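Quick one: the structure is below, and I'll ask about it shortly.
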Amino acid sequence: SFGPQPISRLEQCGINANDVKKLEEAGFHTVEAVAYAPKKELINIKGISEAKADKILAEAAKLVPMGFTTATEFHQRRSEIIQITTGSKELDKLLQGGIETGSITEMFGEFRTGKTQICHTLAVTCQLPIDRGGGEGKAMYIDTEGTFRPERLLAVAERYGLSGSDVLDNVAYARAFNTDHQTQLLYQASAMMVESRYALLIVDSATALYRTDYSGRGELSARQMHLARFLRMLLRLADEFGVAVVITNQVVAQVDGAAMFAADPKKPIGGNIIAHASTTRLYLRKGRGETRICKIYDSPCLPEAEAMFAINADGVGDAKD
Amino acid sequence: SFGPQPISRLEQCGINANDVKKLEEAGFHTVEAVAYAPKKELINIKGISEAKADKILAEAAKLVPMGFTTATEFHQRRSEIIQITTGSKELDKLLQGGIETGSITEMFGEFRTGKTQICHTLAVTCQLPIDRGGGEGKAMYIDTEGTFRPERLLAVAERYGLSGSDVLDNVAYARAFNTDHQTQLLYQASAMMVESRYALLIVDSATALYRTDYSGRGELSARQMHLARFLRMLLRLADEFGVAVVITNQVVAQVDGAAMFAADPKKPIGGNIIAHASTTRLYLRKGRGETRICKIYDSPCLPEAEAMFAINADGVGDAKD
Amino acid sequence: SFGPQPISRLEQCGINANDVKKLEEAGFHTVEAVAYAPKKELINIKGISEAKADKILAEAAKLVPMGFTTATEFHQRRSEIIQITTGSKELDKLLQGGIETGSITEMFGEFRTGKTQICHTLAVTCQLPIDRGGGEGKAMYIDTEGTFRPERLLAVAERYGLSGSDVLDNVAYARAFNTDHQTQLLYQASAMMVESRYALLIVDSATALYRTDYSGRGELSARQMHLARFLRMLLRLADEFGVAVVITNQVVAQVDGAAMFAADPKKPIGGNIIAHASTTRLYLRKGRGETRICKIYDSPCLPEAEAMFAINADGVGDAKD
Amino acid sequence: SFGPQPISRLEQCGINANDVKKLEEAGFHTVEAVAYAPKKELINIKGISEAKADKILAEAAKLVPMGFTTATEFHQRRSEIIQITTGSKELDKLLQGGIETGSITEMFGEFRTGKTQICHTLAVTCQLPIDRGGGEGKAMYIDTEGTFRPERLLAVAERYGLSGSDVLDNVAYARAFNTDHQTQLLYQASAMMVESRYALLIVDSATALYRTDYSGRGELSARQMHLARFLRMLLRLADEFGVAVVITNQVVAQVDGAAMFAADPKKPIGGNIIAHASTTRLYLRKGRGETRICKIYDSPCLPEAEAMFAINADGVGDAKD
Amino acid sequence: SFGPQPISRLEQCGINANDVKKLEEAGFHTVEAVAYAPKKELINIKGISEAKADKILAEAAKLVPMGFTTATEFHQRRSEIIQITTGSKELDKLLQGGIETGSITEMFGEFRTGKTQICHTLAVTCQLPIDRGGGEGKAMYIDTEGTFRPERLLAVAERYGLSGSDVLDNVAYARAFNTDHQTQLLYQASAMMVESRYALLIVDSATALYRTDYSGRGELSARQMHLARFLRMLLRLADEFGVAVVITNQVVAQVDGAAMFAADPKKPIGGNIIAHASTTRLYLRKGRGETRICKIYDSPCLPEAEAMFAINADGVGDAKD
Amino acid sequence: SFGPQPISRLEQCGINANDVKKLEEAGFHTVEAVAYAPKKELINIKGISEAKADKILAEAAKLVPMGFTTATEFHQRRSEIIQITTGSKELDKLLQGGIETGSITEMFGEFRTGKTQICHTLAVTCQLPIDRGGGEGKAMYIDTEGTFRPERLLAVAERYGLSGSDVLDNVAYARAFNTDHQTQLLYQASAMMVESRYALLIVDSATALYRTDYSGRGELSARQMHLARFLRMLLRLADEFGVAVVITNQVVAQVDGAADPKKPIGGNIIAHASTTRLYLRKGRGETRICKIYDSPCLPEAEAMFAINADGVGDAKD
Amino acid sequence: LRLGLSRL
Amino acid sequence: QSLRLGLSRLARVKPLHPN
Amino acid sequence: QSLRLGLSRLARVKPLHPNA
Amino acid sequence: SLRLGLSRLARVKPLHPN
Amino acid sequence: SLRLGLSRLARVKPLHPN
Amino acid sequence: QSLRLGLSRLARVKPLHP
DNA sequence: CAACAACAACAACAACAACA
Ligand SMILES: [K+]
Ligand SMILES: [K+]
Ligand SMILES: [K+]
Ligand SMILES: [K+]
Ligand SMILES: [K+]
């Protein structure tokens, strides 16, 4: 019973089935989802009154732990977390295991640094057994740039000894044409995640469409609010299902602000919203030939350091010294 | 009996058990809390009439003195305030002792500044003996972002020579998923604080969830009222138990005027409510490498100055030259 | 007999001592209060009939003059008003002498402007001799936020050449936890200051508790009424002993509409009741470093002019060149 | 039925003709274009309200699937992508088929490298039958420099054994005199692709006019925003009609920030906007005599490699040994 | 009526004469110039608002066709362009007719190669009838070195049989003393060219004054921007009136950016801006005695080759074999 | 009143005296100098704002024509250009009149050639009446080698019959010790020229100090920039005052790959900035040969001249 | 007249 | 309904060049 | 009755892929 | 219509009759 | 008497046995 | 209001050497 | 008749010969 409880449990709790259907249509497919939701969100749903929402909230909270606990229990639970191998030994050593499930990891850098390659390699490796560094689950790919190539997947699957056809079969792909579609896709993501078992969710890239959909200083606040809502939805998914959420970012040039005039200053776009929402941040730089350098920009438990990886014909790996 | 007297003392004044039971159910576990509560709150409570509320208030005022004192007595009592070390000598010199108990300390800055690191250091140093600069009490942690790491606690405990297991056992941890959960955690914290002896209460981040829960201009007033209620509850806890309340704050960009400080001016979020609620305010910024700079933004008795600390594998400390 | 005649000198005017003690426990401690009291509140008391109320009101009006007087005598008496120096030459010039006794001065501004520092400096200055700027009187501090520091009083007393213990023994302190406690503090302060020579009353801040005790439009109106009552009590003090009342106020943004933009406009909270009740109004703004700007907002005898002061380690002083 | 659906189908869905005409005038000539547009883009149209926009989006989402699909289906569909031969065997081997339809290829280099020659050759080779490496369609040429010569088209047609007049009748050429006209031409282009079959859209050059129209600092932000909007419109065209979009870019000299100081380092202009917008990037250099070298600067599925081609009297071809 | 439409056509279209006059002061003397200008160029004119600019642009677009046209029409128009013979049979054979109209031809080389002699010969020959290879129009000469000599013009006119007075009277001459004057001469040139018929404009040399006006690395960006503005204005003139624009350029000795050197390697100055702005580039080299060699450095349609000419007493001609 | 107008004229069209003083301190002495300068130099003067410089330029542009004129006017203006005789009939025929005013003439060759002798002869002959081939003006001599000898001037003056005393008095002399001193001497020369009639200016040599003051490949760019600035100042002087500027140049060997193995020094900066270039060679015995290395209107030809005790003249058989 | 505190 | 990337190779395309 | 911190390696899971 | 340069068949008065 | 927080002179058993 | 190309022979000049 | 602040983005520019 490690997984989340479906909302149909509330059926044997004293809740009308039609109201449960309305909740499901509103986007709450799990008891955890309604439990974590505030009262305003349940009030906003048509056909739900204050008394019904209060009863639903109380009954849902009766089935989930939302109290106080000691720190040793949290340490014990976190010691059993699943970390997905990136495919490169140096990156795994830098991250002390790899990409951590249940949180948000973001990579940023200039072009050709290798963000999409890391996304493809993680999508392939998330289907490996736990003893091999995988998660034994499927993968999601919400792509907003049109750069999904299901031939790198075959190369990595051939490298790891898996069947290419099965690897392609067990990956879900969707394309976002605008910000509204990008945010809408998460509802279907949760609805079809409640059925099967997923371990990785990939957005590449999160902020590509926000540069053009919202342009100018006059549209800054609305863009930031939409981005905050999207990131909150991603965090809700990560908490609900325990998947590892990975998002890709872009960079902009510091024309005059700070950096002491280095070779070429660059900072990630998205502002303080995405700066505070992401749990782990990585900066990717181009090195020599096919080698690139990854640096831990921000992390609550990992020290600032650097690692070297490469993009070989079978995905992300270690540089051939 | 330096600690607050329990509510059961009112039993000796003739008030029946039912009244005490309803008072405890509403969230008044201490006679001091009852005395500090206005008559309107008691009237709101179901099951208490005007005469009952007047009698309860009169008995509470009889128990605890709420009269006029002399400044000499205030100076004598303030000189015996426990201040918790922050792990850095320069920070302690700037703060003239450390984090004060019975007040509200706010910390704000950009990402990577080290608010969470200082929170972990404080939560692990609050258990030191008073002669060593600690607080000789348990730590309380409320997390609204999901960035609580017991490994840092273990590292700093090993630095200070304490045992890891009991240090972890002495820290209570909770996570708030929304604002209502954040507020209910305060009632639970008061209930558990009545029994044991705590010295520190950390909220991080206090205003992280308000950015998303109340989005838009139309919900500004409700957001500010909820934040005011939360801050008043925190002040009530600090007055009742004397524990030191430390809350962290996020930052936003000053795009409207561009200020005059630098090319990236930033200001804390929350507005005048949190500006006036907190007693001491600290502004953290990044320096070079692993070094950070802390500035006293506002303090009733501390002159403006700066300190320079660092984050190492043993927590927050002084810079290594 | 410049001070008010106490309530002990109407028993020889055919008044039973029982009525005198009833008036004393009701809140009236001097014949000035009785002669200036409307008949309706003397009738709403318990234990006094209409005939007794008339017979005491007529004699009280006989003792205390109440009628028309020549303007020349009024000007001559107003020439003899003690003005308490603020410790800054520029502020003294702007205020034309300082804080007027027997009057209400309200100061408002954003955080860290220096209202509490000004209050501390005034409290320590009030004990100076009249010719140096003081009023031979003590000081009282009704604090509702928790920012009372004897250290600042000691520093300014050392600056002015006074003993720390002697200057501390004259300042009475009290903290209010709610609005009812705020009113009871004034009720006790009347009896505290009838028997002793007081020349300063400081409330910091009056409107802090009303912001959270009554929240929302539904409780707004009652809120205002309570505030009015408080202000009326203050006025009675200003006419019962001639003490100068100093109040600090909070500010809020102008989100609804900016009047042709004002670089983050700010308006004082409290409504029109305290705008009409207060006599002098000051606006404090932050400048460069520790220098602050004080501007007259409303005064029936002074033009709207600006002045510059600073907060140094010895309190409020002039700008340091 | 593999082509796009004309907007007139929306009339059969239960939508008036007036709003359909308004949409067509706004530039939406296809149901796919409407489905890919955000709600705020439809709101900006005069005469369209929120309810009408919501109904239009809801009815358009039914006729085109925008949801989740497996990766095997994407692999099967991508195995059938038409690739246009560039006229040289080595370039075809380097690009693994030739220029890919449905994406953006940006070719940049020094002067006289041969990008215009490549565009001229492609404008003829896109009219070949599918089994010969063509696309069986017309071609578009938006020329912003004035360097369009149909004589090269005639030479390539003579080489490939096609009638010169027939080849010339199938090329639509327009000239842009400024950036605003550059963006305006795309609306007529989109309106014209509906009635016929186009396989290639060429912009030469994309950023020639931006160098001069927006000059110096203070116009950089507007220049980049306009460039981003133009590139987004190009991407929308490519997604809507499945055409092969080829854009030509210029270079600038790296004065500071030594890249490697090999021999006159050069950097493509346009910044991170055009760096992230383009899907494939080619770098062209001059070799010896008529031979030039092409290198894969950036590609999501192609290794970094170099190929050699030549500019003969019949267009771009293999070097004559 | 093949010539440009004077700006006096917009007045009888809904535009007041005052706006036409204001546009004329801005340098726009033709409807084509108004049509080709972007909106922000008309906005910068004082006294012209957004609505006025929109109306003017709409009228200009109505009068001037700027749509999509097939390649056959472009081929037909390109087969009827006027090419001016340079005076030498070999040079005309190399250029496939002579100097093209409506484009920019730049000759560069070391000193003494004969750029000025070629310019003088072209200035004389542009006045020939169409049958003899001329353009049947006047010529302009902007000279930035003081090297203009009418004696060569008289000699070439004697060679061609034309009267000297007619040839001299149809040549306009201006001297540029700095960069700003060089740019203002172009505005004066447009003003005087809207009235009469001109076939050829000469700038000699384009980049002479930039080598000395903007000296040093710190002034490189401003120099390049000003050069780009000058070249764009020249291209605007060429597109406006269909004249043949011929500019001359200098050389700079390569030292380290080549690594492979002939006896003395030299490259043109002006950088990528002038490399990209020019349409046809000729490289001039010194032969034996009075013979010189011309090579096609850059041309969209002319294959690279070399031709031999000579400088005789009657200007540029064929060498005496 | 065909000469340049003094800067004081700007006083009469709405400019304060202080602005005129600051312009004079910056090196501008006539209205033409202000007109020929762009906005950058006027901005660079401390105390002059953007609006003031714009006003000054707009005011100065009206006093001198700055527009388009037909080639007939230019031809008729060039038809009365004063040319100074070199002292030799063969060289006069080669140059079609002699050294022209308003342009830059540079002579280069090996040592023991006669460039300084030609400079001395020109300095003497520039004071002759227009009928005999002079310019009826004084002469200036900027010397960077210490080879200025008044005895040659006395000999040539005796040859032409002029008095020695006033010939010596009508020649200004200056010596340049370093590269910056050359530009300072030019700045002083502007103030010397504005107040008197000057016909000929001589620099001998214009590239001697640059060989020693600037050395190595690392200082090539600075040397070329300074040489370009000096040449542009010379061109501005020639355009402003209508003088004949004669500069002298040395040669460098062509030790490179292959090939006369001697070429003028200074590079493209001095090659492109000279209107007329003369190459001088040593012939048999004492007679020397002159060739037109570069000219925009004269063909390549050779002439023979000789240096005798009375200066430069024809070679006796 | 009671106007407050008086110096005299 | 399926998805679309670009022009399909197996599409029924009318002959543009008969020769 | 306890908190969840993502996917747990101690939880049972059927083999997504065949043996290898 | 289109306009590139100067049309060769455009009628124009003779600049130099001679 | 008043209380301003945790008194420094309170006699409380140590949390840690060291 | 002409263009000055140098030193003009026709211009009147005082005799430098009488 | 009162109360309530929020939100970052954007790269551009080549020049310089020398020494038997
Ligand atoms: K973070
Ligand atoms: K505060
Ligand atoms: K890319
Ligand atoms: K070109
Ligand atoms: K020359």
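The count begins at 1 with the first shown residue.
Heads up, the Cβ atoms here are built off N, Cα and C, so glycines get one too.
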Can you check which of A:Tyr36, A:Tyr187, A:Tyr297 Swiss-Prot annotates as phosphotyrosine?
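That would be A:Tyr36, per the phosphotyrosine annotation in Swiss-Prot.
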If you check Swiss-Prot, which stretch out of A:195-210, A:227-242, A:243-258 is marked motif 'Nuclear export signal'?
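Per Swiss-Prot, the stretch marked motif 'Nuclear export signal' is A:227-242.
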Which residue from A:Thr105, A:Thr116, A:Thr179, A:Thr291 is recorded in Swiss-Prot as phosphothreonine?
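According to Swiss-Prot, the phosphothreonine annotation belongs to A:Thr291.
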Among A:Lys40, A:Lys55, which is annotated ubiquitin cross-link in Swiss-Prot?
A:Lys40
Among A:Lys39, A:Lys46, A:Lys52, which is annotated ubiquitin cross-link in Swiss-Prot?
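So the answer, going by Swiss-Prot, is A:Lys46.
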Near the motif 'Nuclear export signal' (A:227-242), which same-chain residues lie under 8 Å Cβ to Cβ, leaving out any that are not at least 6 residues past its ends?
4, 30, 32-33, 36, 101-104, 179, 182-183, 186, 189-190, 193-194, 198, 201, 203, 206-207, 210, 270, 273-274, 277
Fewest neighbouring Cβ atoms within 10 Å: which of the recorded positions A:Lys46, A:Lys115?
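Fewest other Cβ atoms within 10 Å, among the recorded positions A:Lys46, A:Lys115, is found for A:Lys46.
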Hey, how far is A:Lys46 (ubiquitin cross-link) from A:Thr116 (ATP binding site), Cα to Cα, in Å?
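A:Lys46 (ubiquitin cross-link) and A:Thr116 (ATP binding site) have their Cα atoms 41 Å apart.
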Round to a whole number and give the Cα-to-Cα distance in Å for the pair A:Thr291 (phosphothreonine) and A:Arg112 (ATP binding site).
11
How would DSSP class A:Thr291 (phosphothreonine) in three states?
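For A:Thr291 (phosphothreonine) - judged by DSSP and reduced to three states - the answer is strand.
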Name the secondary structure element type, per DSSP in three states, that contains A:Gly114 (ATP binding site).
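In three-state terms, A:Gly114 (ATP binding site) counts as coil.
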C-alpha of A:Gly109 (ATP binding site) to C-alpha of A:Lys40 (ubiquitin cross-link): distance in Å?
38
Just to verify a number: CA distance, A:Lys115 (ATP binding site) to A:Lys40 (ubiquitin cross-link), in angstrom, no decimals.
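A:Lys40 (ubiquitin cross-link) has its Cα 38 Å from the Cα of A:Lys115 (ATP binding site).
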For the recorded ATP site formed by A:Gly109, A:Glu110, A:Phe111, A:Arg112, A:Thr113, A:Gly114, A:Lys115, A:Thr116, name the remaining residues of the chain with Cβ within 8 Å of the site's Cβ center, in chain order.
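Result: A:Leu284, A:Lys286, A:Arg292.
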Filtering A:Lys40, A:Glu110, A:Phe111, A:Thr113, A:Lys115, A:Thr116 (recorded positions) by proximity to ligand 1: which pass a Cβ cutoff of under 6 Å to any of its atoms?
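List returned for ligand 1: none.
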Among the recorded positions A:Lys46, A:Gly109, A:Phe111, A:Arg112, A:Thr113, name every one whose Cβ is found under 6 angstroms from ligand 3, counting any of its atoms.
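List returned for ligand 3: A:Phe111.
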Around A:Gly114 (ATP binding site), how many other C-beta atoms are within 10 angstroms of its C-beta?
22
Which three-state DSSP class does A:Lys40 (ubiquitin cross-link) fall into?
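For A:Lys40 (ubiquitin cross-link) - judged by DSSP and reduced to three states - the answer is helix.
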Going along the chain, which residues six or more apart from A:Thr113 (ATP binding site) have their CB under 8 A from its CB?
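Listed in sequence order: A:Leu284, A:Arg285, A:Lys286, A:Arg292.
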If we count other C-beta atoms within 10 Å, could you say which of the recorded positions A:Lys40, A:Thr116 has the fewest?
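Each of the recorded positions A:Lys40, A:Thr116 was scored; lowest Cβ tally within 10 Å is A:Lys40.
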Of the binding-site residues A:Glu110, A:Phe111, A:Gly114, A:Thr116, which one has its Cα closest to the Cα of A:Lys40 (ubiquitin cross-link)?
A:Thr116
